[PDB]
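Next come structure tokens for two forms of one protein chain, structure 1 first, structure 2 second.
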Structure 1
């Protein structure tokens, strides 16, 4: 019987190699909070979550307070084997702030795996160690956008996630350029980040039909709450429609399933508040015959490893896991081999294998 006797955090700031721009925001960096749980046997578990305030509403400052002043009193002194009960009772005290919850759920999984002397991926039941990711391309003018895609293709990515929804006229013009520049061995994924209205979405889909493109998904074309439009688009489209911001948790998944509002759900740990809730979504989706992909915020490689581990355990093969491509290799090379576009888990790691304490000063 191991008990959690300490909880500490540290902020992590990472610079991006190039500017990330979506319909929602623009950034050159990632802000994350790491949490450390210490067992009474000295073993330490870790989780890392992004603060993407425009999407999940999380802030580093809110996460720190929640974890150290709200969750901590519930967790401290509790048995590791009571994790499900502990997380349920702790999470009930906080509405939203899903990324804060992600950090805690991940640290618990790290502990659970380490206590069994296995990786988290293995704990969750993964067989495979490799998942393929697209690379995503910032909003920008057509010329710049074609250049970024060529860079991705030269880097060995054949699945390309094209951000749209910032400028609809630009989005339409871009299709022409794509059709001219790339073959059908390149697979496109469009993600509007809610930036289109219903009419524009249908128009974009009709426009795709005018060219010869390999298009795999249309992701979150409209506002997260316009489930009626999502259903209409899903019925209209010959291309699978993906819900992202429309689905954070299991009850969101129930709603989109009930309303036939997508063909596929993009599961993200920063939205679900960690692995436990993501598992519940996957079960619901499976029962409903809805497929799942995994995705992320522009977030640290640690979140990517955790997400890859989950996907491998759940037989999820469609992934937008690209942040590794936006940051320095040394940030992930302790735990991941990225042979683009393949994210490969390194062998024989205990827990996730993040190796955070070496570079970060944790404080209670």
Structure 2
């Protein structure tokens, strides 16, 4: 019977290839916390999670304190086989801070898989090793945005996530330029990041329908708490509506199902607090006939690998996992081949297949 007898954490900062700009922040790096769990047979497991404070409220400093001072006393000395119960006991001591939970949940899965000498994807039941991602396009003026999209098409992507909601007039004009520059072989996914109101959303959908575009989803058009508007939009729309910030966890999923507020849920492990909770959402969505995609924060390739592993296990094929495009290939080439637009897991990995040598020990 294996027991967890040590926990360490380490902060990992990864430089980005270009500057990443959100509605509230600009950065040239990814902030992550890694956690290492050590079993009394010597097997070590790792989880890595981002500190995206504007979305999940996590900070590196908060996560470190939580893991060392709050989760560690619950985990330490406990049997690996009781992980479901251990995590439930640990997590009930902390409201929010979902990324700190993610790091812990992922390290546990890495241990479970390593104990069976298999990959985490295999542990979770995956057989396929490859998932398609869109490429993400930052907000910009119409011309810069058309060019960015072109460069994406040229790099082999055919699913294009277009960020909107900063300049509604730009969003509207953009659709005309889209209809003129691209064929229905290009599939568009718009993510307003809560930037539109109800009237704007309806209008944007109307403008789309004035053209001949291939648009597969409209993601989180309005504020995360406006479940009434989301439901009104879902009913109005002839295009799949995706809940992102409206759904972190399973009880959020229950509410959007109950209120019919989306057609599809965007699962991210940084919101769910890891794989166990993401599996609960996927089971609720299936029962409701609601589909799921997977997404991520701007986060390290380790988070992307864990998310891809979950998706492959859950028969989720729609994915927005393009942070691999923002970092150096050498950070992930030990476990992922990114032949755009395909994210392909390497063969015969034990657990996730990354180690934290350069961070923890070198």
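Here the rigid core means the biggest group of C-alpha atoms that line up within 1.5 Å when the two forms are laid on top of each other. Positions refer to the first chain, counted from 1.
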Next on the checklist: Can you tell which residue in 53, 27, 337, 317 has its CA shifted by 2 Å or more between structures 1 and 2 when the core is superposed?
Outcome noted: 27
Checklist outcome for this item: Core-superposed CA shift of residue 306 between structures 1 and 2, in Å, is 0.3
Item to check | Rigid core superposed, the C-alpha shift at residue 127 between structures 1 and 2 in Å | outcome: 1.2
